[PDB]
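Chemist: Please work out how this folds:
(chains A, B, C, D, E, F and G)
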Amino acid sequence: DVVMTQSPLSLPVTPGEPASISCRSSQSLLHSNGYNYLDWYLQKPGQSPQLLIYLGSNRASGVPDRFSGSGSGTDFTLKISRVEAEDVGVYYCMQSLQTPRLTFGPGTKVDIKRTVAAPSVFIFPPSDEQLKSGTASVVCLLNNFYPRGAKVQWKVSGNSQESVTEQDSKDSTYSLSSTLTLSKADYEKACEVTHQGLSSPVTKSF
Amino acid sequence: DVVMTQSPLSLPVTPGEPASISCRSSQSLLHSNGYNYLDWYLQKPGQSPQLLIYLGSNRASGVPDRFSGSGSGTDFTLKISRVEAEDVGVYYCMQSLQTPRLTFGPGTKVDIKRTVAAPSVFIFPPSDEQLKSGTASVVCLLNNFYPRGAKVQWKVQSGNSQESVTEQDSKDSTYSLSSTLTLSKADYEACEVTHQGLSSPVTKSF
Amino acid sequence: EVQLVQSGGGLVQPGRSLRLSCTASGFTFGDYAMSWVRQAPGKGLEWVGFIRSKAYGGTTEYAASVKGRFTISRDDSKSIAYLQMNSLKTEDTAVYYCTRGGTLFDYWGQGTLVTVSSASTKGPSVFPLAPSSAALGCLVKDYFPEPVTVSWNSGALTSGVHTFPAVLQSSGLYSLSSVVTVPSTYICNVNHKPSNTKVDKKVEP
Amino acid sequence: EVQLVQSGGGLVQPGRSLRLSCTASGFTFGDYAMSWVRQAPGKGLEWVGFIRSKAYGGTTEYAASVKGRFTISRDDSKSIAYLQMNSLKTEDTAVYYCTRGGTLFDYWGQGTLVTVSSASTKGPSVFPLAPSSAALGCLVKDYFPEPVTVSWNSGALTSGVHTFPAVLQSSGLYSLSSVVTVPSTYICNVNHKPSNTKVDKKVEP
Amino acid sequence: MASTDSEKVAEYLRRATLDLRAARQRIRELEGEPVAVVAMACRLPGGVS
Amino acid sequence: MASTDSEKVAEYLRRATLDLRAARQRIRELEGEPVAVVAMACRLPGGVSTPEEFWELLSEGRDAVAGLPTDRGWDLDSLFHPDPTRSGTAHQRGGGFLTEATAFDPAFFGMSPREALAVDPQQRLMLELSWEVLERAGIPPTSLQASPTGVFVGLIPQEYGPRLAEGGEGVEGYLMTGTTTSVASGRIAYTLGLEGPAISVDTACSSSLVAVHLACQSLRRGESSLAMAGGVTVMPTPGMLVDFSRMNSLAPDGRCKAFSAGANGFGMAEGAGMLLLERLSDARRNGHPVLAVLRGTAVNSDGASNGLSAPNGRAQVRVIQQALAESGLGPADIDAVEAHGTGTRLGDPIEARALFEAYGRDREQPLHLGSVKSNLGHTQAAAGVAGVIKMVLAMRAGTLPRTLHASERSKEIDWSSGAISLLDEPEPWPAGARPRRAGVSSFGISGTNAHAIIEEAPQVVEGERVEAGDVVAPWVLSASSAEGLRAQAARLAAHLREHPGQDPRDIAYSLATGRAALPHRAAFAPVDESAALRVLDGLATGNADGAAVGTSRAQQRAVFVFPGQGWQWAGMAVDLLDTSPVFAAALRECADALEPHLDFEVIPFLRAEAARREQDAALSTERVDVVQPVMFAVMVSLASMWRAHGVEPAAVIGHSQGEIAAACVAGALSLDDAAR
Amino acid sequence: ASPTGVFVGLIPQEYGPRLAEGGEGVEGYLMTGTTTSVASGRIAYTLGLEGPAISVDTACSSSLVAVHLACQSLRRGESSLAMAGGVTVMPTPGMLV
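Modeler: Numbers count the residues shown, from 1 in each chain, chains lettered A, B, ... in the order given. The relevant structure is shown in the block below.
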């Protein structure tokens, strides 16, 4: 069987604050040599991943000792002592007991932590010259929302794509672009979100 | 087959001086992992041995950086950077490739280095009350000689001589030898050495 | 010191061959087992395969999705690791990586943006965003490949600018949506470097 | 911190059993494979055997000279390593060691002087050294076991004193030769602690 | 060597890991080791002694 | 898989080992990183004002002990009386005293003459020496602004001006900022803008050495990427001589008879030496010249000795042994020690016994014992930085200096061992298989004993390439005053007339990168060492011949203006293109951008000068359809050249067609866009 | 004879007669007792300490600078114990004027 190795997503960490990321492991990774065989990888957005911690607890050179690490036979814990503004990206729970490593793991969205904001649902009907150009793209824009746990509905779905930027610095929010690529006739036949910034769906149409 | 591991088995080294001990390995100890599989051990006279250098070059923790190490596929070299009054003992060139590890090797007699002296050949006939006690032990005493590369002959032949060579003192840094010729009653009615302190044998009898 | 700089990016169609070289400098090339990693844009990594050290000998193990398609070789005297792409297809559009180990990817190449798309190089269909009554934007529909910069007021407005990432359609083209959020009559310009299709736009509700 | 203090020394005859315990403190006992080393007096070391970790399981590998004689066991909850001696013989007279690894003897116990001799505890036959015409000494033949101190002028003369090591005869006894080198009528005293045979001696040519 | 395919190289990894731990702790004992205030002696205004 | 984890574990063993190889070289650079001597500045007794003039004092065996200073307004008449116990009298009849510590350049720094008058001469000789040690290193002193560069200067409180209680007439508020050893490290860090730790050590006759030990630490731990260490004892009032006379410890002649039977006191001298310390990794990575390397320095105290003044034997051994252990070096690895050699009849015996203990007990070759104070005198807190200056210069010249007044080796010291050879004659010290190592010892009157180990600079500088070029790099020199401008050309002309054969491009590089842009600038582009020393001979008098002179206070950014038509000759781009590789590249680029729209390629038209541009019914570039593209082609290229040589415009101005050049060089339009 | 460094924070102060104006009994101690260098030296001598006896001077931050340098001498390891601190006692009315 393949050991299931997944790391909890939605990890909100704020500068100057200690966090702790754990992992799941079905088959035990504590090998007979007495050493765990899992690794901790960090893919820096727009740069290559980095080796943080090997053998469960042993850290790599180059990366500072802020990345502390430990764990039990199955349960693991990377004790990030502290986060600064450069410590943002995707952490990976890559195990190392069964090659092939074709799946690196969904990865943990480590985000600058801040209180919950109100997503600005902005419905935007497509331009008419696009409608005479041969296509139609109505966009339900979401701006200044965090965390990013909402998808945009298309009622009155299936033709919607996803487009979200990473966090900025001084505002530390997310922005979503639900592009509904459409065809000629079906233009004359609404978008809402279920973000935790609100509770009731907000329904606004073109 | 068994890999033959042999070092210059004597290293006269003097305080404040850099030495270099090498080793023979009949086979290739450079394993496919790219790491040599040879160990450097130091048995402190009157104390337990110590792990100096593993994997050919990697030094152990606790021991000073004096013991630096390297080597080729077969040829190895422990670069003792410097020797002190503490750095004097037996260095073992142990291969850790084909377990079992029965043989640790003859060991290297590391000695405080000094110029060559004149061995004091002192023939000592046994006491007569020993001769009426039932035994006879004529002793050809060797004192203040270095290095210890001489055995005492017993002519007019040998075969009843045992060795009681002492260790190296501090302020004089020589050796002392005790060739005890245990004997019997009737056969009571000469000893010489071939030490590099002299050239011609010195023949003195009881 | 250690560097594992790569080379061999480009734009191809599904069904042709591509080159990927891993330059090795600073270490003994024959000791570590060279591995190759593929990173889908903006989402999860996927591992391709590795070659074992010639001291080990071993074999060349690959991912289940690249059996019979990709092969990996290595050499010490000239110190280059190879990822050979043959019979490429759509999924291969990703940034590949060169990793320093079959099980311990301790190092990581900078990444070559390997793109396998069926589109052709042409200008974008810049389509605006009339505000409902708010924010003002403009789309970058129908452009290829992906160098792109979209500024507002021709690089004068920088607060509230959100250059949305590339949008992967099934036709092999891209779409960008740069929108500013400020109450008001704004200028957005898109510059496609390969084609020299420089479009300026005025937007009203 | 790590300590591997031992216990289980004594004096035995060829053909009986002896105890050797390796006290483990400061580490996880079940990780490393406990090994046992034997050091012949004043000459080369010889390795006895090891037990593999219970996580590894494995077997207990011994030296070719101790097949069917010695066995080694281990336990975590009480953390003592065992070297069991059965059907002991003459060669076993040596200082045994407890090493922290089957192939990497990184640690080293202080050493238990295991002695297998056929002699019995009795006083020494102190036999003098009449100078030829020089140095003056006094042999200490026929004694057992090996605690010993031989001083000259009853601990007054210390320059030129050479306390020669023990001499292993076939009868299981020992012989020491403490000699001073000084021109001259000297006193040498040997004290055998177990037997209380305190011999004082006057020597002339 | 005998069991599975690792009981000698794993000992070397164990020793190397322990050496790294004892060498990185030395770094933190040479640049970040806490320094305790054993006692204070003070002569301050206002009769403080 | 991994050969059943064989690969896996081994793969992890190849990281735990490589990390260990990286985590152990971090300790080796945290405790024993060899720190280099980037540059050396000193004001020592006699005429010594530069480290090269100080070698002209050691190599020829000249003693700097001349007499008491008269510049300072010293009474000199109550200083000497037949009664040796008269209060107010000194015992030494001379000593090496600085003849330039009385004078200072106030206007050079941000110091007012009122402020500089109250500045301690100890402090005013560390601002100039801070400037010297930075200019000698090839580091512009104004380039180290808001940078980590710790300052470690050792002084003695002493007494310069009037009582702080009574204040003064003109100097009232700056008396404090002068007579405080504290600001004697902060003033240097303020004038040069150094943000690094400014510690002013105080350790009597060992201050300097101790300071360097602290600085060594700074670089080993990494608190300051650059270290600025040294010590000074400038002697403003005769009080200190009057009162060491009260212990009957000063030599009446003022001479440090180190290890001599005629030692009748330890004497005195006033001087200064200064060092620029940087770790060897940083020093060589940044290209800073390495003169020598400090490997290890140890600092200990004498403990409960025979009084606070009397030295200690075992403590002295414990500091010349700790420095060896801390440096990873030993008794046999040191070829020549530079001991304190204070000169008193009691300090020298115990001092030599300490040297015979840590070094002399185990010696393969006789140790060359020396003392800088023999040639100079006991410079107090400047001793320890003068000793390191002596060893490094002995290392850079391959000769061990003499110890003056040491022909009669002291009878109270057992020299029968032979492991220590007193340096009464110049002993050659050539570079060989053994790395040259030296030891400097300073034992202060406070009881703090210090010792440093000086290894020779690793001879990896060798391997430089050679070439020739047509680039006449300008010889740029600047000063803070017009007279200083005329003096920075006279001293440079003297240096290029007394040290001939130095390549002109090497001189321009050091004059440009290594000399701060000071607000009085003279610059010329030499073609020969005779056409340059002639300009340097006219700039010394003030005649601007073949050079450019200008006072440029508050000015650091160029604007490029773009004239229109008027250079109808158009015969200058040919010479620039043939000699400038970029002018055969950028000009080609703009021409190849003009060709798709105007077929005329400028290069065939450029080689046609005005002399060959008037035959086929033509004038000197009058064809508008042809002049304007070739005006622009040269126009954009020239603007690229000032930017290629490091001058960027702050603003762009275009008269008639310079607006087109404003498009290209300012980034508004591309080369193709502007050319079209 | 135990490694113990004395790190005293000092601003040089004018205490008694001028160094060129030695008193009747206080002749050669007007500097052997006042020079900031010897303030830590007296501690190291009377107590018998054999370590880095360094007298620091960085104005009003001199005590904390002495503490920092003593800690850094402990972190590396040069004296097993370290003695860090600072003092400002103003004998004359010179500073406040």
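Chemist: For chain E, which segments count as helices?
Modeler: E:9-31 (DSSP state H).
Chemist: Show me what from it comes close to chain F.
Modeler: E:4-6, E:9-10, E:12-13, E:16-17, E:19-20, E:23-24, E:26-27, E:30-31 (Cβ under 8 Å from any Cβ of the partner chain). Using the backbone N, CA and C atoms, a C-beta is placed for each residue, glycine as well.
Chemist: ok, now with 10 Å
Modeler: Along chain E, the residues adjacent to chain F under the rule Cβ under 10 Å from any Cβ of the partner chain are E:4-27, E:29-31.
Chemist: can you tell me which of these are up against chain D?
Modeler: Okay, of those touching chain D (Cβ under 10 Å from any Cβ), that's E:4, E:6-15, E:18-19.
Chemist: Filter the residues of chain E next to chain F down to the buried ones.
Modeler: E:4-21, E:23-24, E:26-27, E:30-31 (16 or more other Cβ atoms under 10 Å in any protein chain shown).
Chemist: ok, and which of those residues reach chain G?
Modeler: Residues of those in contact with chain G (Cβ under 10 Å from any Cβ): E:30-31.
Chemist: In terms of residue numbering, what are the domains of chain A?
Modeler: Here chain A is described, according to CATH domains of a matching chain, as comprising the domains A:1-113, A:114-206.
Chemist: of all of chain E, which residue lies closest to chain A?
Modeler: Using Cβ to the nearest Cβ, the closest approach of chain E to chain A is made by residue E:10 at 4.2 Å.
Chemist: didn't that residue look like it was pressed against residue A:32?
Modeler: Yes. With contact defined as Cβ atoms under 10 Å, residue E:10 and residue A:32 form a contacting pair (8.5 Å).
Chemist: Quick one: the helices in chain C, in order.
Modeler: Using DSSP H, helices in chain C do not occur.
Chemist: What parts of it come near chain E?
Modeler: Taking Cβ under 10 Å from any Cβ, no part of chain C reaches chain E.
Chemist: Pop the domain breakdown of chain C in here.
Modeler: The record's domain parsing of chain C by CATH domains of a matching chain lists C:3-116, C:127-203.
Chemist: Would you reformat those as TSV and include distance to residue A:109 and mean neighbour count?
Modeler: Below are the domains of chain C laid out as TSV (distance: least, Cβ to Cβ, whole Å; neighbours: other Cβ atoms under 10 Å in any protein chain shown):
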stretch	distance to residue A:109	mean neighbour count
domain C:3-116	11	18
domain C:127-203	15	17
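Chemist: Same list (those domains) but as JSON lines, adding distance to residue D:24.
Modeler: Converted to JSON lines, those look like this (distance: least, Cβ to Cβ, whole Å):
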{"stretch": "domain C:3-116", "distance to residue D:24": "31"}
{"stretch": "domain C:127-203", "distance to residue D:24": "58"}
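Chemist: and residue C:33, how far is that from chain G?
Modeler: Computed as Cβ to the nearest Cβ, to the nearest Å, the residue C:33 to chain G distance reads 41 Å.
Chemist: Identify the spatial nearest neighbour of that residue, chain neighbours not counted.
Modeler: Take residue C:33 and drop its neighbours on the chain: the residue closest to it by Cβ to Cβ, 6 or more residues apart in numbering or on different chains is residue C:102, 4.1 Å away.
Chemist: so how far is chain B from residue A:93?
Modeler: 27 Å.
Chemist: quick one: residue A:177 and residue C:179 touch, right?
Modeler: Yes. Between residue A:177 and residue C:179 there is a contact at 8.3 Å, judged by Cβ under 10 Å.
Chemist: before we move on, the earlier item: quick check, nearest of the ones next to chain D among the residues of chain E next to chain F to chain B?
Modeler: For these, the nearest to chain B is residue E:19 (4.4 Å; Cβ to the nearest Cβ).
Chemist: From what I see, that closest one and residue D:104 are in contact.
Modeler: No. Residue E:19 is not in contact with residue D:104 according to Cβ under 10 Å; the separation is 11.7 Å.
Chemist: Many thanks, we can stop here.
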